[PDB]
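The structure appears below as structure tokens.
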Amino acid sequence: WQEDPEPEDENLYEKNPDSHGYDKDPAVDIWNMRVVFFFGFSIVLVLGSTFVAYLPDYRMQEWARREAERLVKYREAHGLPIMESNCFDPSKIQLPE
Amino acid sequence: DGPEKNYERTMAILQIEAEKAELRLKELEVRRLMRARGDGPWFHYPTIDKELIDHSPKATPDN
Amino acid sequence: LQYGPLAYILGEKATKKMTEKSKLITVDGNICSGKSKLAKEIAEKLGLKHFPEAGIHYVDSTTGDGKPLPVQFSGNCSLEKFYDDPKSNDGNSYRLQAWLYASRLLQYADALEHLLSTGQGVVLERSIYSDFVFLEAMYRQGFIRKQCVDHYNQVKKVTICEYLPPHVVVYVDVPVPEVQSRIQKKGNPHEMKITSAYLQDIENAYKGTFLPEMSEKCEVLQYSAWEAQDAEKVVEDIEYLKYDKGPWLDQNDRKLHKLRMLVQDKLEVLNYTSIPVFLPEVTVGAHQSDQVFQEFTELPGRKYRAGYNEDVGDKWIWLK
Amino acid sequence: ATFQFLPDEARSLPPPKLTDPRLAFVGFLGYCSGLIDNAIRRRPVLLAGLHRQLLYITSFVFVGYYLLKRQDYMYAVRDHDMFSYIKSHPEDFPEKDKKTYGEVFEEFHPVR
Amino acid sequence: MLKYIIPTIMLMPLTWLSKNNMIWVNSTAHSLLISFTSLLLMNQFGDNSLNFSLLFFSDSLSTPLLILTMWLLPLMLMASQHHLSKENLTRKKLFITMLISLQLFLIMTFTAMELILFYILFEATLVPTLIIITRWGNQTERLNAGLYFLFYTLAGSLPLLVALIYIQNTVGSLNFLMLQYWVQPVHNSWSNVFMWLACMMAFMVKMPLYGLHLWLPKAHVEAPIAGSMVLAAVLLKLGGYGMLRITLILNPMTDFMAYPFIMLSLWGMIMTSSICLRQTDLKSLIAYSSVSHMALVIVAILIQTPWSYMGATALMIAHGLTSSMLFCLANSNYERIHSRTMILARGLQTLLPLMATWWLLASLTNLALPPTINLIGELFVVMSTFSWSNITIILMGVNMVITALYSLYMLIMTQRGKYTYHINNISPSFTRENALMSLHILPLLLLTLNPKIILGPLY
Amino acid sequence: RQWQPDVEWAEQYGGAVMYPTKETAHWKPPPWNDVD
Amino acid sequence: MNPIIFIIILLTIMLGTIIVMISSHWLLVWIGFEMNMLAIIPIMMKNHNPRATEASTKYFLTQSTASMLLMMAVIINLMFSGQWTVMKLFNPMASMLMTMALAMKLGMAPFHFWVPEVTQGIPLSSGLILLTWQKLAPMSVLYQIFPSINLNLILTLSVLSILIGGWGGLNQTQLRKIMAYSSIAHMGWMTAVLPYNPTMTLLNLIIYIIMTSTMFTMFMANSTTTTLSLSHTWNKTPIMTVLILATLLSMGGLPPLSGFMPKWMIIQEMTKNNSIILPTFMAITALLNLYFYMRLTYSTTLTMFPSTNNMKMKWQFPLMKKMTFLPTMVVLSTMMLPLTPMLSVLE
Amino acid sequence: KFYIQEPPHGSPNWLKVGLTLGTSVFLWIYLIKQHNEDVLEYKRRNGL
Amino acid sequence: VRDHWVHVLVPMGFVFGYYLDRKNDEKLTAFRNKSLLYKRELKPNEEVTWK
Ligand SMILES: CCCCCCCCCCCCCCCCCC(=O)OC[C@H](COP(=O)(O)OCCN)OC(=O)CCCCCCCCCCCCCCCCC
Ligand SMILES: CCCCCCCCCCCCO[C@@H]1O[C@H](CO)[C@@H](O[C@H]2O[C@H](CO)[C@@H](O)[C@H](O)[C@H]2O)[C@H](O)[C@H]1O
Ligand SMILES: CCCCCCCCCCCCO[C@@H]1O[C@H](CO)[C@@H](O[C@H]2O[C@H](CO)[C@@H](O)[C@H](O)[C@H]2O)[C@H](O)[C@H]1O
Ligand SMILES: Nc1nc2c(ncn2[C@@H]2O[C@H](COP(=O)(O)OP(=O)(O)OP(=O)(O)O)[C@@H](O)[C@H]2O)c(=O)[nH]1
Ligand SMILES: N=C(N)NC(=N)NCCc1ccc(I)c(Cl)c1
Ligand SMILES: [Mg+2]
């Protein structure tokens, strides 16, 4: 009835062959390209990857290996078992019945 | 944050949360007893005030 | 104070301002009947406010800066297109008539608001009481569908019932051939395409329906083209009317307060002129409605409520 | 008391700080009401009527301050009542003797 | 967590106070800075979780989900700005506001200690998500998709509300740290069967569990691209995250209550994978692919082993980036041909060479090519379900065959063969589109060099 | 463009009731101004 | 109506309610209801049309019948206790009559039939009083006599109201009928929790009053009484559609909006009393309400319905209705959940 | 004069602006004064 | 500059949030230097172990 016709689809490359696809305004289009590329790639992915690579012993995985070596060295030197079936000292436990 | 700050911050959090849990359980028990017995400040439904009663001699003697 | 119950309680009552000259007078007739001239003379002689006939852009003249708005904001209603293509498929004919009724409805409210607020009478050229003659003429020539007439009567039924009729109805009876001769003399290219049958239907609607009805509740004065030229005689007749009919005799401060509370609120006046009766001629789809509204908000001094538009020089916004 | 918003005993409690986070939220709600007031009346939302916007915040903060005081008083009264009842009925709230996990027996349910 | 909540809130005044043409530049730039700071949550210890305060805490489960959540906002903004170009400015800002408010609810949802606080924020995500679909969706059916999405979720969440409130009364707390220490075994009774169901069914509808999944394909077909990205990348994971937490207090009853849901998921994944081979709508195919992948997550969560919980966490992260990438790839075609039919435009490698490489990489992760985190997660789940029962290897194996078939079939049909003759508006890929694809795949493939940060608390 | 309700879609919500039945077939929308 | 008389009649309505809430004597409670009813009829009749006359007549008969039953309960109580104090009743038969009398006044199902019809037949401003202020007096009595109320009767009235209110609203296109059935459903939640925690009745009552007042005020601002009339608001006052959207979602109990708080707090109280089936049933049944709130949001805010040409004339004129307290009410209708613990002020 | 008719809010209602600022000022003075007296009475009752 | 002042909002939000996170730790010092695991004697000029 009284309805506007459906507009034809706009090709951003016609008015701006150098378009980055961000905006129809060339100056804004270029700025929006730079923030995405700089904050996305230069910062988050490059610095974030470097940050992740040098995390200080994520969840003390390295400490546990050093600690295990210390215990293995001590327990073998003294003729103790490397590891015991019982985690908790039976002298501190009181079974029923 | 260092591991000691987080560790002892966790203890402070646990103490508060543990204390709140105990108080929550008591309140349910206190409420149950007050409602069943009516011997506490809660569930104290009103009764007529005795200061509304007239104690003066009446027109007739038997009362 | 802005008018309301508080102002009413403090003495702002219609009867304290309305005199014996506080009359609403409407001038009616066929096309090219010289009613515009006679209406202008009655107002001057009687010291009443004159209201030109409400056209497509009447609302434009009462809001913003007063200048007419582009046609898209009027819905593309065109009186010129109506003469050239009265049966056009864009539904221009009824859309114009529905728009014109709303403009008259607004003007009648402006007129009543003026009369009740100042006590000065007003002179109108046609009104919402006589607007139907064009609708009947359009229908009888096949320019509009029957469903259009039904929509018009639905809107009229829930709007006209709120307002009092004119104190005086002045009808200027110019025979159709004389009008048909005056239209040609006036040299309007599109208007010259009118037909006598359309003009005859307009005349029949006045005499068949309008004049008999208004006589039941108004003082009706009739004149010919010659008798109409004598403005002093017409004004002499008006000043000697009795006023013993119609609902104006039942009015009092209480009822007029309620009437003034309505006519001052233009959105309440127009409330039912856009009832959701989906009729092709007057229905606008969402996308067109959306973008036309966005364009309207961009017009100078239209984004914000009047008084808060910096782009037109309003000041002290941070304290208003 | 009866039909008293803040009985006299409530003055023993510390007052809410004027920097209370809840009071700031109430002030924020008042600010939002100021903006919605401008919007429904088609005024410039941020700039219009700064005098009006100031009273929206002040009104909300003022009323919010006293509602916060009553709120804190009612919870203090709740705790005060509960502890007194526990004190007066030690038989219903015995201090049970707690055991350690080495002593308590819990069934093991293997996940395999 | 306030160092993330407040800056996220500040994105709203930033958007509304920006210059008219800088709304996309400003919101994208600053939401990337927030994403950058989210890596400070990697301060995870081997014994204790990172417990900030009485309200919020992070551990190895919520941290990767939080980083995915905050990384997805800038990606959703780049994805959306083209198809919203003709929208009026105020409505663009409202759209961005819905995305910002969704991130605010999500980062609070994943860090809440107390389970009712989790419930409320978990529920609050419904409102903006529904608004995005129904207001800014394209076609008529978006109104029905909103209703199915809303009422499927509420049919499950309302019983959860009753169960959680019941649990607090009995236990005295819903703080998750407390529940770790005060948890008591669930004994067999009909009362506990329904408590178990009330605790789980809400999360199952979110995953979604097979049989409760039909809302998901409707929502995706109808939602705008940003709606699909958040729906697939993060919103489905609320169900997984909820189940991972609440199973703590449902032992040992889970030992037998899981069986009907393991059968649905084990069989459901084969049926949904086979369904993907016959789908005609590209967005509907990807939606069914998500149901198949999330079926493994449900199984892994239900069998409760260290390897399966590590597999579940890795799959949730990997699926989020992959499925979001696939929707973006499908959308870029849609913004050219304005149809989701998979057979409409063919041979697109001939016309868009680089975009065909993004399709290839996305498909390879979807079929879980070693050593992608998609495979690591899937492999860990397959290892653990083998111990649960050796026979499951047959169902897992068949699914991996069918998954490769529809993943490549989608690639072959759209990218290879002969280009459709009459389609002549296939313009070259924009820098925005290429950057959008590479911001999915690059973080995904970089995680292969350091998988531990996505393996969750059981690592 | 994005689909928006047309006249047919709008008329679903313009009747006396939402779910017509044989018993309400004679019902009619009330007057616009509530006046009969 | 003369503006001075209208104010006096409004104050008499308020005074009748206040008398009920401050009286310790049953006769004065009954007098309060009589006074309140006397002054409410003129505002229902103030537009003088047959539908208004029918509504006032149906209202008069229902309220008059209820007030007779209330007096009968008062006299039975006097026979068996010899006193008039407003508190628990001292006879089970008196308690049933008083409970049924008050259910009739509140419009709870199955005494609900009058509420949709009376609300439809009176102006929006009168409907606002009917569905908000008029609940205060009966609820304040229920707050005081609940210890003697039969538990099975009150919960049956609550369940039926939630069911009837939910189902009735699905078939409505008139905005006043939708509000009426919304009211019936919400009275059900208020009375379900009354036996367990009367404070949550007050919380639900206050929040319900705020949201209902918000909706009625926004309907008045645009003079909308039908779904289709309301669907034009987008092309006149776009802001109003957003406020209507938020308020309706709040009335639907969706987190994190204020209308979640009363449903949430009521579920908590009944679970504490080992009542699990009833809260679960009520919450699920309340999805019926959420459905026909969502329908309104679809036609009002989330889609743009077709407009009319004459609407362009409305663009040129400002909104001049008072809309008193709307900015405050709408903010409280939607953004109060973070302040939920403040419900203890009602204790 | 841009407007064809004088707007209702062409010029600020100076009295109402004075009332608005006066009420805000009074409420802030009352609140701080109230808060200070609450603090002093709080310390007197607890002997701080 | 009036053109680029909006670019301090989010960074200031982060600083304020970082600030509020640290004050929140000051309300959780009930067990500072009191855990069995990390309890010790204060260093010669040390006022608290952490903050
Ligand atoms: C903080 C604790 C509490 C947490 C709970 C959540 C609280 C938030 C709810 C607050 C109450 C609702 C108030 C929202 C304010 C809305 C104002 C706004 O954003 O702008 C409205 C917009 C402006 O329209 P207008 O000003 O007339 O003209 C525009 C020309 N510039 O109008 C339009 O342009 C119409 C646009 C089309 C309609 C789009 C509808 C989708 C967007 C709806 C967003 C609001 C949804 C609220 C639900 C809660 C969200 C979490
Ligand atoms: C009593 C306490 C009140 C606290 C109030 C604190 C904030 C008050 C701000 C008052 C000044 C607002 O002033 C108003 O701001 C907005 C944006 O900032 C400007 O208008 C804006 O329009 C668009 C965005 O919509 C942009 O082009 C640009 O952001 C700006 O031009 C107006 O030109 C200015 O008049
Ligand atoms: C809508 C219908 C309205 C019809 C109203 C008809 C009038 C009703 C009159 C009720 C007055 C009598 O009410 C009834 O009296 C007897 C006499 O002790 C009471 O006594 C009876 O019930 C209790 C039960 O423990 C005990 O007192 C006793 O076992 C038994 O005799 C009833 O508990 C009371 O309910
Ligand atoms: N379709 C339609 N045309 C109208 C209406 N009112 C006026 N017109 C037309 O407006 C044109 C001019 O109006 P008139 O006043 O009647 O003619 P006029 O010559 O300008 O004025 P007078 O000669 O003084 O009477 C005529 O062609 C009318 O047909 C109306 O309600 N509907
Ligand atoms: N009848 C009920 N079950 N509810 C109820 N009001 N219980 C009274 C218990 C209570 C609860 C909160 C506070 I603060 C206070 Cl002072 C007292
Ligand atoms: Mg003329």
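Here is how names work: the chains are called A, B, and so on, in the same order as the sequence lines, proteins then strands, and each is numbered from 1. Just follow the structure's listing: the first ligand is 1, and inside any ligand the first atom is 1.
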Ignoring hydrogens, tell whether any protein atom lies closer than 4.0 Å to [atom]; use the non-hydrogen atoms only.
{"atom": "atom 11 (C) of ligand 2", "value": "yes"}
{"atom": "atom 29 (O) of ligand 2", "value": "yes"}
{"atom": "atom 34 (C) of ligand 2", "value": "no"}

Legend entry - Contact (N/O only, under 3.5 Å) between G/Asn197 and ligand 5: yes

Inset, instruction - Examine D/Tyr75 against ligand 5 and note whether any of their N/O atoms are separated by less than 3.5 Å. - result: no

Under 3.5 Å, is there a donor-acceptor pair between the [X] and [Y] side chains?
{"X": "A/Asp23", "Y": "E/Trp24", "value": "no"}
{"X": "D/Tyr85", "Y": "B/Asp39", "value": "yes"}
{"X": "D/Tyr73", "Y": "D/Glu9", "value": "yes"}
{"X": "E/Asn169", "Y": "G/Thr271", "value": "yes"}

Quick test: of every protein heavy atom, which one is nearest to [atom], and how far off is it to 0.1 Å?
{"atom": "atom 14 (C) of ligand 3", "result": "G/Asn91 ND2, 4.0 Å"}
{"atom": "atom 14 (I) of ligand 5", "result": "D/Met74 O, 3.1 Å"}
{"atom": "atom 3 (N) of ligand 5", "result": "G/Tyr196 O, 2.7 Å"}
{"atom": "atom 10 (C) of ligand 5", "result": "G/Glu347 OE1, 3.9 Å"}

Check ligand 5 against [X] and write out every atom of the ligand that is under 4.0 Å from a heavy-atom position of the residue.
{"X": "B/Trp42", "result": "9 (C), 17 (C)"}
{"X": "B/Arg31", "result": "3 (N)"}
{"X": "G/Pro198", "result": "1 (N)"}

Quick one: which ligand 2 atoms are inside 4.0 Å of a heavy atom on [X]?
{"X": "D/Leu50", "result": "1 (C)"}
{"X": "E/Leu17", "result": "29 (O)"}
{"X": "D/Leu54", "result": "1 (C)"}

Legend entry - Check: D/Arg22 and G/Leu339 side chains under 4.5 Å, non-hydrogen atoms: yes

Legend entry - Proximal atoms of ligand 3 relative to G/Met93 (non-hydrogen, under 4.0 Å): 8 (C), 10 (C)

Inset, instruction - Below 4.0 angstrom from a heavy atom of G/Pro92, which ligand 3 atoms are there? Numbered from 1 as shown, please. - result: 33 (O), 35 (O)

Legend entry - Closest to atom 16 (Cl) of ligand 5 among G/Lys272, D/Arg78, B/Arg35, G/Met200 (heavy-atom distance): D/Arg78

Inset, instruction - Report yes or no: does E/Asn26 contribute a side-chain atom to a donor-acceptor pair with the main-chain N or O of E/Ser18 at less than 3.5 Å? - result: no

Taking the six-membered ring for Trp, are [X] and [Y] parallel (under 30°), tilted (30 to 60°) or perpendicular (over 60°)?
{"X": "D/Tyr56", "Y": "D/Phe60", "answer": "tilted"}
{"X": "H/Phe26", "Y": "H/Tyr30", "answer": "tilted"}
{"X": "C/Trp316", "Y": "H/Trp14", "answer": "perpendicular"}

Inset, instruction - May I ask you to establish whether D/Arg42 and C/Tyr308 are in a cation-pi arrangement, using a distance under 6.0 Å from NZ or CZ to the six-membered ring centre and at most 45° from the ring axis? - result: no

